[PDB]
């Protein structure tokens, strides 16, 4: 479910969402059309198929708008559930005004997160029968990292680092600064020897240069499938304990091809940047 940190990230997001909606005044239109005493049974229903994620975030939105004792959940599906088109994700009974005010914020969050989990489950199916795991990146939206990371996990992927001090990842700009891949690698080993280290290589030459150093992980940056295969062959013979992760020109159509080379992971930025919403509506 949501973690302590994820829950707090969630409340903060629902709080910013509601404030964007209410900043210009109250919900004049629902105030004018529905009485305070109104109550309904409404359903979060999908207009399309996908994997559901972020259903608790819906409940948190209601808590914020209606208060915990302001609604009742008659039925609900579990996050991670693969779902067909007119499926009712959650049925609840609540004061109508509260629902109509919470609606857009609530729908926007779960449609976004379900979008993420739906995509990641696609990648996960793509590399099935391979040892490869799908991983995310730090290409997340400011303020939503904890929720986006949660959604990929829900769709079956595995999280990469959550931030900069979380783990080390020597990139092209460090190698440049350090003047060398090995230089950079050594430098970070000396500075934070307790920290996981990933080194990013963009060529087979660099790959040969760092394999002996035995870093935890090497990220193959934009390798062609034939280069990824060579990379795997070199690693298997020289440093069996080093893990390989592809990142770069990955597409869902090519994902199995790369996976088949034997790499350990596929790092997919699109899982978090470039997400397509799962279309969900609130039906009363």
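Positions refer to the first chain, counted from 1.
On average the C-alpha atoms of 180-188 have higher B-factors than those of the other stretch, with 180-188 and 82-90 being the two compared. The question of which stretch, 230-238 or 216-224, has the higher mean Cα B factor is settled in favour of 230-238. Note on the listed residues 193, 155, 115, 142: the highest Cα temperature factor in the record is that of 193. Ranking 256, 250, 243, 45 by Cα temperature factor from the entry places 250 first.
In this PDB entry, residue 124 carries a Cα temperature factor that places it within the lowest third of its chain's modelled residues. Split the chain's modelled residues into thirds by C-alpha temperature factor. Residue 66 is in the highest one. Remark: residue 205 belongs to the highest third of its chain, ranked by C-alpha B-factor as recorded. Ranked by Cα temperature factor within the chain, residue 6 sits in the highest third according to the deposited record. Per the PDB record, residue ranking by Cα B-factor puts residue 173 in the highest third of the chain.
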